[PDB]
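Labels A, B, C, D, E, F, G, H, I, J and K are assigned to the chains in the order they are written; within every chain, residues are numbered from 1.
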Amino acid sequence: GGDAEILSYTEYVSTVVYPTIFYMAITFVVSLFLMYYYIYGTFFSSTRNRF
Amino acid sequence: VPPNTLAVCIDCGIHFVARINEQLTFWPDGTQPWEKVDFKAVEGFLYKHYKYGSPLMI
Amino acid sequence: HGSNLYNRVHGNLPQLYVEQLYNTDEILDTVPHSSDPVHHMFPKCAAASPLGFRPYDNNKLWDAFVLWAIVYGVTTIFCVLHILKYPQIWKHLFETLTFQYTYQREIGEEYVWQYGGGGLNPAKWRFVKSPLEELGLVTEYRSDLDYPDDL
Amino acid sequence: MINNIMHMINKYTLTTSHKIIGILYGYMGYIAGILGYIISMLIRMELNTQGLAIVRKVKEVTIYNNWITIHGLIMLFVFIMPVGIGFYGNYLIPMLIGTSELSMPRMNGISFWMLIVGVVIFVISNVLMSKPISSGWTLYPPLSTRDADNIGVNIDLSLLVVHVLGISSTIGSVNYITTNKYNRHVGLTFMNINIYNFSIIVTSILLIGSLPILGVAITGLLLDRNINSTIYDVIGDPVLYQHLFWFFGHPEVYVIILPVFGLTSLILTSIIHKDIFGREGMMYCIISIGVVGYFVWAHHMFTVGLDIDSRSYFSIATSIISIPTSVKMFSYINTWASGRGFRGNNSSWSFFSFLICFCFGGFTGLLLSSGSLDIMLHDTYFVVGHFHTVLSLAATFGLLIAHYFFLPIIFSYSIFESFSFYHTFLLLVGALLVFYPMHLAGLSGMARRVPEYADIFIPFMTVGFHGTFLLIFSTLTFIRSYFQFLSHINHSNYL
Amino acid sequence: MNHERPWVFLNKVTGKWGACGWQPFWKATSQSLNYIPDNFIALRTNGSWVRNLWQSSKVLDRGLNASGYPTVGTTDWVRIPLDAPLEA
Amino acid sequence: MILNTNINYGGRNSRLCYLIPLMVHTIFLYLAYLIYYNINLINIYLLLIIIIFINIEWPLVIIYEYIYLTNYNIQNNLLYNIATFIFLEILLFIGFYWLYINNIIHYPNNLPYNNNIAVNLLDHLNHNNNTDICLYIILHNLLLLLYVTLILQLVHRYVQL
Amino acid sequence: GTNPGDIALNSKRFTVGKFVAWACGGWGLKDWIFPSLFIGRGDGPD
Amino acid sequence: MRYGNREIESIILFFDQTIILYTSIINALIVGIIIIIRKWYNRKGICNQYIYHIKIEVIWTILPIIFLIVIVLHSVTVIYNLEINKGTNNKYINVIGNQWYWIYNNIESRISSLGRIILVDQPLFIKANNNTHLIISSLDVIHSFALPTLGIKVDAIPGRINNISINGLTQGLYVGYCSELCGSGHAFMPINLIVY
Amino acid sequence: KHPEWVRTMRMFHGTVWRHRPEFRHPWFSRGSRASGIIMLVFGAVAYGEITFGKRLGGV
Amino acid sequence: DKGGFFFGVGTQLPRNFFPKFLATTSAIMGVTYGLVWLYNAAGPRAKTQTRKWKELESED
Amino acid sequence: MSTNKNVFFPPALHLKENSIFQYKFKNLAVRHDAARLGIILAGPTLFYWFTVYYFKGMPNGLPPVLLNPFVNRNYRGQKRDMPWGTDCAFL
């Protein structure tokens, strides 16, 4: 339609793709740490109360 | 695209002209002309084709 | 569509169509001609769509039957063959789906009920009594049915 | 009308036109899919209720075993391959490279009618005859040869069904490769043919290399049953049978999956109005998956007793195969980005379902690759969850994308989008309820191919009950939608 | 199907007009790609009734003495056909 | 005259599209019958006559299509198909060899007899030899097949040149 | 993109076509009982 | 809560590591897909040119590889950790899988009526903390001795004598199954092990 | 006078032109279709005999 | 704006389609859940699933 | 014009050799194929027959194999009904 936002290659890559990957990387690190703590209960000591 | 018209690719802005030229050939059964043939027999065959059509080599 | 035989005979090598007065169908096994009609894939659909019509009309019995056979034909043939060869399986299925068969259910008892959350966990389950007999539709459970003894 | 009847019969039996053979393959595939679905409903009704509610006797569990084996065989060899490869393969391959017919036009008809012969033999053997084959879809000896419930001839007829299906597949594969290699129109190089043709080529290469081994295995079974040899007996090598069968087994799996990738790529190009992101990357990944699938066959036998070195090697090779599929999934995700795919199209939403379900199934199957961890998950319901959330949610939804994209083109009538939305969404929700619980019932120890289970596993089967009802609703909706597709109006008045 | 061509109701005492016609309708289902619907409101016509209505709107709104047209039952409405442009 | 089409093989309808499948069906049901009742339904020679007769169709169409419809594109398609078929045959042979050498590469085995040295004069070479294998006759057969191969290769090259 | 055909023979309450649709697909009790929701405005020229 | 063995503990920890990795990847892709879909459905961010990016493609092919070598190494070490305890045993037990019942040292074990499907009349007894060797096979068809809570699942194949090493640390009764289609009574062929 | 030359020209100048080479041989087509018919009959009879258990020789 | 409340015409969804679609699918899920609950509360159940049995074998 | 002319009346070519056959054996490939055939015919074939001439009046002293022990005369009570109908080898 007439309201569709059309971006060139450079503009699209710079203003859409890269921030998306940046947010994805942040999510990756945060999820790794929070999941490891969620299961084992310790950030670096494996199972809690066991070792 | 239609056969013999001037067409324009407006993605690229290029003017082109398709054209179909039919492959009318003598029946390949060994009775092919071994030397330059004149327009008479060819005239008859072309007339018949243009009026009623000729089989396909399938 | 309509035959092209006049053109084929008046064409350019009519000797190729002499076979067409033998026991021979035009569409399948005759040399195609420069001026032949264009044959489509589903001729019924091809002829009906440009007129706005779907190929089959349910009001015509022949069309209704043809479409039923196309869509539901082999399905019902397989079902009928299975029911003929395994009458007891469908009998048991009908018994179970109609609440006629109860394995070892009693009267007035409560039974465990749990939807998800992994295997049976006593901290999540409920216990349910049969609403059918709470209302009164059920008073005793039939015993004439087949019973999986030794289970 | 004798001439008309005989002309129709000659049209649909003497044909060699790729379009007609394609529609015939599609019809047979859909019919066999419905039959497999009915048998699956029988299996589910057996599982949901307690106390052998359908068979009513422990002695008669052979009926349930026959159900599972025929469900597996019908849905693998007659539903997906005829549809995914037979239907769109024949209908589209000549068109996408600009040519009239496939090479070897007669072998195409021979392939289809071999498939029909196999279906006929199978249907007669496993319905009209008593005490049928009941040995699971992987016909492991000595259960399938030296047993008491498998003694009739119809078992041998089912093995011969496998033979004919193999013959049909080999013929089709050779034909596809040959047509794609030499009949391309001028100016089209081998690696510029569109994505679907390439995936079909690699699938055909897979089928050619493995089917003879399956033929050898089945001939071994037939010889053991008939001439009373000892290839797979107490003094034989049932493990040898397993090795051969599964050397065929995994190539069959990737043969099933790859054409779905090709079709989804093509349809995406057609509906998002944009080219494939990294088309060369996707083609190379497809060929990589094809090649790597020939070195991983023994990840289905981690508990047979393989050497420890072989266990480690096969876990490694399975991870290797896992890599390029991840590349393809990322390529799809980026392809959909920046595109203008239709916001209200069953094709679009079926693509979404395909992507999500394939990612989940691939992960769950990547857990099973580890030999050590396969100790706790072999022959439980985790494997069933895996290969049903791949087969019945990624392959089925890819075929739904193709179905809802190519119906208007083939028939020239648009699609009832609201109806299709109901069908696809209820199929999604119902199927997830059936198979997702299986995963957590596998980690809990529930074995597979059991009609009766311990009381610890009730919740999973209750959720499965819910899912089965939703599946019945969805499939009825689908069939009625298709019947409505080819039927003219039924009401009309003046407003 | 063959019904009446679209007409124009005109109420005398109130002096208010409006087009009308018979609208066929059917249960919704899939369409056909190779078919653009014909003229269904005015069957077997080149669809000139739209032009006649557009031309006649100024005549009708301005006030028309339609005593020479048939009435509709016992009401105050009369029917003007749109076969030809209305000038009066 | 005649209007010329593309270079592909157009395709003809033929009865081989179902006769070969019917032949396979006949063979398999005949085998089932022989397995069940231990007696053939029809004579084996009659069955082979039918099978031979149905397959004489291929050479006729081959001749009449090479006379009329043949070019280098078609010849290449045919030769490539031949190559694929030969590959399939090689794979079938490899599979049967797999099924053969499976229990011979695993040297350790349980044997009814003794194969330890120093208990008898002919026990060490017992498990290591299958003497009844028709050795020098197999050698003669191998010589015959070598004759055939070399003669055929020489003649093929001679005619090609 | 649809031609209704003959309006006369499809407007009846009970018809062979409607019963066939009920049996196989396309029509049902929801259409007789609730036409406002399942037939609604319908498809035609406006 | 005890573990019942060390091999099961190792397998569980490997499973947890893989679960963490896959959940992280899923969360990353979920965020990405959410952004993409939210932009798409509103008809925003359109670019028909964006059909190639060499750097991104190379990186996204490399990344799964480095995170996968770790998983492969961990899995291989877990396998060998399962298999080291062979040879340090002092008790041998032989197990035969008959048609719908088991045999331990020529003593038959069939399902009972006291328990629905789990309990057996004759269990199999092993001593706690004492390494034992199980020699498993079958007489008629293929079964599968499955005690997955101790990390044992080995097929009993006719004519093939498999040899697994079993060790117990927690005293009690472990319930297991046939875990391989064997006939009609496959679902009713349970396994009971008692560590005392 | 070469046999191959004569055979070719006969194929083009010797027989009524048939679109299908199998129809160029009138009797062989009859034989092949009869083979198809008897194979259908053979299949049906074998199916019937195997399932019912009476091999039709006693009747 | 044509078509019915739950269906549209051809490839055109009815107005406010997706809320209606989710609501109707939720209703179907609820009905099927009720059917499952009924078949579990009045269908075949073994004697080992009674409250007495499960409460006595859930202690030790 | 059409090549059919040379199909009908092909040219006749003069050769120096007494026959075409010899002309085709001045090519290295055919000579090497003939060499392979001669090698196979000369060495093995002539040698093989020589052996049956050299060992014509001597026995075969190979120790026979051991197939079936006496205690296994029943073959473990295994069904052996071949499809022919009788428990005998096709031979």
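In the analysis below, a residue touches a chain if its C-beta (ideal position, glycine included) is under 8 Å from a C-beta of that chain, and two chains touch if they have at least 3 such contacts.
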For chain J and chain K, the contact-path distance works out to 2
Greatest Cα-centroid separation from chain F: which chain? E
Can you figure out the chain closest to the middle, judged by Cα centres? D
Whole-Å distance, C-alpha centre of chain E to that of chain K, is 96
How far is the middle of chain B from the middle of chain I, if each middle is the mean of its Cα atoms, in Å? 40
If you average the Cα atoms of chain E and of chain F to get two centres, how far apart are those centres in Å? 81
Can you give the whole-Å distance between the Cα centres of chain G and chain H? 57
Residues of chain A touching at least two other chains: 4, 12, 16-17
Flagged in chain E as touching 2+ other chains are 23-35, 37
Do you know which chain K residues sit against two or more other chains? 83
Per the contact definition, I'd like the list of chain K residues that touch chain D in the complex. 78-83
Quick check: in the complex, which residue numbers of chain G touch chain C? 1-3, 5, 9-10, 15-18, 20-21, 23-26
Note which residues of chain F are touching chain K in the complex, please. 34-35, 38-39, 112-113, 122, 125-126, 129-132, 136, 139-140, 143, 146-147, 150-151, 153-154, 157-158, 161
Chain G touches which residues of chain J in the complex? 1-7, 9-10
Chain I residues touching chain B in their complex are 8-9, 12-13
